[PDB]
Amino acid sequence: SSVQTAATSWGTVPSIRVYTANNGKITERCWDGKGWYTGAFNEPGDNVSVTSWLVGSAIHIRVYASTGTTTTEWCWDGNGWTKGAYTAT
């Protein structure tokens, strides 16, 4: 009955994103070399995985948030957190 985390990172500084599902909410903590700051991501889910890739200098994050049998993909591409095409059927 502990919280459940997921992490990703990029570059050599580095930048780190740590997502934490606690009591059906997933929050984000962010490192870009100067301290941890609470991030923009806030979405429901008891379980969370993450991946990320660079395109040049631009990070792209995909956060998979599952409640029950329902996994929701949240997409960061530098313009906010939008919902992805991800489904499972």
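The numbering used is simple: start at 1 and walk along the sequence shown.
- When the modelled residues of the chain are ordered by C-alpha B-factor, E43 sits in the middle third.
- In the PDB entry, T87 places in the highest third of its chain by CA B-factor.
- Per the deposited record, the Cα B-factor of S49 falls in the highest third when ranked against the other modelled residues of its chain.
- Split the chain's modelled residues into thirds by C-alpha temperature factor. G24 is in the middle one.
- Sort the chain's modelled residues by C-alpha temperature factor and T8 lands in the lowest third, per the entry.
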